[PDB]
Amino acid sequence: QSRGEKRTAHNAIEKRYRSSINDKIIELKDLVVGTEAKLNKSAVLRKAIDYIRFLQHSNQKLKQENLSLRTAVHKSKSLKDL
Amino acid sequence: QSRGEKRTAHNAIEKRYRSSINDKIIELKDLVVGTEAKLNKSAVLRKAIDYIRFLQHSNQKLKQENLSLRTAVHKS
Amino acid sequence: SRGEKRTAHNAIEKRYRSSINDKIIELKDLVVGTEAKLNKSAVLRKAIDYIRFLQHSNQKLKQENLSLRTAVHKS
Amino acid sequence: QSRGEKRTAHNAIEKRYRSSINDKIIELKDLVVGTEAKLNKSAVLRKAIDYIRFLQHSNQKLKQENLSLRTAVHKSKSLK
DNA sequence: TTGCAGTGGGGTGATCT
DNA sequence: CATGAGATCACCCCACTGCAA
DNA sequence: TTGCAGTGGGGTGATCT
DNA sequence: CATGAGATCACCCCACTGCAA
Ligand SMILES: [Mg+2]
Ligand SMILES: [Mg+2]
């Protein structure tokens, strides 16, 4: 590659670099405000951060409840002379 | 007010902007791989995307399960 | 035993290699010190140059001491 | 370079390597025992080491002497 | 009402891998 | 990161030399 | 009088640069 | 070590948009 060639190649490289990021921001955008909405990059990332924590918290609550529900039906089976 | 004076000023505005995004990718990073690691931006995003989807399905599945378990409780 | 003889001599050859290598390490400690990392030939190149350097420095000093003593005597 | 070529090359590189050391051990030999004498590698280096130390010690001795001679000459006039 | 901050696209150079 | 290659080192094997039993 | 350690040459793979 | 080259990042400059004064 000559200087101009490196440049031109690098620009195509950098184009691929940008999509590697911008394409994932769109993916995150669709996950947090949906495919139809329009939202700016930092806002999408801000929503993605809080959505993840929300989902993480929910997951914990959902699990705590699943165990309780399971412990409940299990106990329902116990007929033992009390 | 010179063009260059104006380019320089906006340059400071653009760094603000760039950091509005970068600071946030670092936040996502700390959530997916933690603080000690080093992971490029696109990989932080890829992980965050997959983590969200993973949690989304994990949560939906627990919800489905919890429904039955709850109804089982009823039908008992 | 061709082999056993080899193994045994191999130990002899290591002792030998070490007889040269440990000296290069000493020469190295002398010319660039202990913390440095320097390859064998540079250690030797330096040693050679260092000796030549001190040789000339000491000659010059001896001829000058000569002249100084002559002066003192011739006074 | 194929393994075969790399091999052949390496042997010539290693020939150059050895010479870069051996050629110097003989430069040292000549300094410690002379052009004509023959002494083995480790004894040449042992001699080089001790010779350097001696050259170092001598230089210090010589400098001190040089100063004393110089301080001598001075007084040899500086007598007020 | 419109001129700047904000926002984003694309290019470059330095540096990394 | 990859390839490419010369450099550096330890160690291999071989040859031989000379001294200590 | 001679085998065995010592010495040195060159090759080679592993690794560094 | 030396290319070589893609990837990564920050910053550049440019264009445009929307809102605060
Ligand atoms: Mg960016
Ligand atoms: Mg050697």
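The sequence lines fix the lettering, A, B, ..., with proteins before strands; numbering per chain opens at 1. Note that these values count all heavy atoms, side chains included, but never hydrogens, waters or copies made by symmetry.
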- Query: Any side-chain donor-acceptor pair under 3.5 Å between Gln64(D) and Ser68(D)?
  - Reply: no

- Message: Pairing donors with acceptors under 3.5 angstrom, does anything connect the side chains of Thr8(D) and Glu5(D)?
- Response: no

- Just how far, in rounded Å, is P of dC4(G) from CD of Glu4(C)? 13 Å

- Task: Compare every heavy atom of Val73(B) with every heavy atom of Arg70(B), then report the nearest pair and how far apart it is.
- Result: O-CB, 3.1 Å

- Taking only the side-chain nitrogens and oxygens of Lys37(C), find out if one of them lies under 4.0 Å from OP1 or OP2 of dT17(G). no

- Note on the structure: From CD1 of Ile21(B) across to P of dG8(E) the rounded distance in Å is 6 Å

- Task: Just compare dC11(H), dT8(F), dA10(F) and give me whichever is closest to any side-chain atom of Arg18(B).
- Result: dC11(H)

- Message: I want to verify a distance call: between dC9(H), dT8(F), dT7(G), whose nearest atom is closest to the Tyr17(D) side chain?
- Response: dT8(F)

- Item | Partner check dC14(H) against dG8(E): Watson-Crick or G-U, both under 3.5 Å | yes

- Task: Starting at atom NZ of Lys24(B), determine the distance to atom P of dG8(E), rounded to an integer number of angstrom.
- Result: 11 Å

- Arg7(D) CZ to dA5(F) P: how many Å, rounded? 16 Å

- Where do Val33(A) and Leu39(A) come nearest, in terms of heavy atoms and distance? CG1-CD2, 3.5 Å

- May I ask you to say what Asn11(A) touches in the nucleic acid, namely base, sugar-phosphate or nothing, with a heavy-atom cut-off under 4.0 Å? base

- Query: Do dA15(H) and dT7(E) form a Watson-Crick or G-U wobble pair, with both donor-acceptor distances under 3.5 Å?
  - Reply: yes

- Query: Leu45(B) has an atom CG; how far is it from atom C1' of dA7(H), in whole Å?
  - Reply: 15 Å

- Task: Name the nucleic acid region contacted by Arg16(D), choosing base, sugar-phosphate or nothing; use a 4.0 angstrom heavy-atom cut-off, strictly under.
- Result: sugar-phosphate

- Task: Determine which nucleotide pairs with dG18(H), using a 3.5 Å limit on both distances of a Watson-Crick or G-U wobble pair.
- Result: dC4(E)

- Message: Need the pair for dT8(F). Rule: Watson-Crick or G-U wobble, both distances under 3.5 Å, any strand; none if unpaired.
- Response: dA14(G)

- Task: Look at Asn22(B) and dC9(H) and indicate whether a side-chain polar atom (N or O) is within less than 4.0 Å of OP1 or OP2.
- Result: no

- Query: Closer than 4.0 Å, any side-chain N/O of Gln1(D) to the OP1 or OP2 of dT3(F)?
  - Reply: no

- Message: Between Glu14(B) and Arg7(B) (salt bridge meaning N to carboxylate O under 4.0 Å), is one present in this structure?
- Response: yes

- Do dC12(H) and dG10(G) meet the pairing test, Watson-Crick or G-U wobble with both distances under 3.5 Å? no

- What nucleotide among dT8(F), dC9(H), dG6(G) has an atom nearest to a side-chain atom of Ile13(D)? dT8(F)

- Message: Rounded to whole Å, please give me the gap between CG in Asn40(B) and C1' in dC16(E).
- Response: 11 Å

- Do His9(C) side-chain and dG6(G) base share a donor-acceptor contact under 3.5 Å? yes

- Task: Write down the distance between CG (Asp23(A)) and P (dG8(E)), rounded to a whole number of angstrom.
- Result: 14 Å

- Query: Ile21(B) and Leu45(A): which non-hydrogen atoms are nearest, and at how many Å?
  - Reply: O-CD1, 3.6 Å

- Taking 3.5 Å as the limit for both distances, would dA5(H) and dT17(E) pass as Watson-Crick or G-U wobble partners? yes

- Message: Any donor-acceptor pair, under 3.5 Å, between the side chain of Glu14(D) and the base of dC9(F), if you only look at N and O atoms?
- Response: yes

- What integer distance in Å separates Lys6(A):NZ from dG6(H):P? 10 Å

- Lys14(C) near the nucleic acid: base, sugar-phosphate alone, or nothing, with a heavy-atom cut-off under 4.0 Å? sugar-phosphate

